[PDB]
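Consider the single chain below, provided in C-alpha cells and representing the form deposited in one PDB entry.
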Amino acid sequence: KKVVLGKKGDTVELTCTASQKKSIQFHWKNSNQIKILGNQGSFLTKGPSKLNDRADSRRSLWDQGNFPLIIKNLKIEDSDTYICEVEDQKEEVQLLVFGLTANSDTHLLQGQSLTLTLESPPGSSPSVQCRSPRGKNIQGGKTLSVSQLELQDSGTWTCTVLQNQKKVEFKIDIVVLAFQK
C-alpha cells in the first residue's frame, strides 16, 4: 500500500528491489494488468501502455537487484497503482500525480485576485496549503483564491499538497506590479 506523489510534468522513480544483488526477470504492470516495462535477459522491453514513450528503467542498477520504473513528463492520467513482479513476488505502489497552476500567467496588479487550481486524479481528495513571500496563507482543496494581492505577495509562492499522509511541494512565481502614486 505504498503511496508516491508526483508533480505534473516532472519525473518520478518507482522502486522495485529483489532479495539479492543480481539481475533477474522483473516486469512492471498497472492495475489493469497492462504491461509497462520489464526486461528480457539484459534487454529492456516496453509494453503497449500509454506510458510507453515516457517510461524507462535504470539498467545500471539491475545487477544490484534494483528494477525501477522511471516515468518522465508525468501526466495526471499516469495516476494508477503500479505493480512490480519479481522473484514470484509482487510489490505494489500507488502513484498520484498533481498539477497546480495560477489562473494568470501574466503580471498582476496590487488589489487584484489570484486563484490557484489543483489538477488531481479521479478519486483523490487532497488538502492544499500555499504561502506567499509575505507569509499570506491560503488553504483549500481544489481551488485556492486570494481576494486581493499585496505588493509584498510578489515572488515565489510555496504550496504543499497533502494526500495519503504524503506531501508534495509546488513553487509558483507570481508577479505583483509596483506603481508610482
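So that the term is clear: the rigid core is the largest set of C-alpha atoms that superpose within 1.5 Å between two forms. Note that residue numbering follows the sequence shown and begins at 1.
Asks: As stated in the PDB record, which stretch has the larger average Cα B-factor, 20-28 or 160-168?
Replies: Mean CA B-factor is higher for 160-168.
Asks: When the C-alpha temperature factors are averaged for each of 135-143 and 111-119, which stretch ends up with the higher value in the entry?
Replies: Comparing 135-143 with 111-119, the higher average CA B-factor belongs to 135-143.
Asks: Taking the chain's C-alpha temperature factors as the reference, tell me which third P126 falls into: lowest, middle or highest.
Replies: Highest third of the chain for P126's C-alpha B-factor.
Asks: Would you check the entry's CA temperature factor for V176 and let me know if it's in the chain's lowest, middle or highest third?
Replies: Its C-alpha B-factor, which the entry lists for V176, ranks in the lowest third among residues of this chain.
Although it is not shown, the form deposited in another entry is what the next lines describe.
Asks: Which residue, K35, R54, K136, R59, is displaced 2 Å or more at the Cα between this form and the one not shown after superposing the core?
Replies: Only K136 moves by 2 Å or more at its C-alpha.
Asks: Using a rigid core superposition, assess whether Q163 undergoes a CA shift of 2 Å or more between this form and the one not shown.
Replies: After core superposition, the displacement of the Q163 C-alpha between this form and the one not shown stays below 2 Å, so no.
Asks: Quick check: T15 between this form and the one not shown - does its CA shift reach 2 Å or more after fitting the rigid core?
Replies: No; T15 is a residue whose C-alpha shifts by less than 2 Å between this form and the one not shown when the cores are overlaid.
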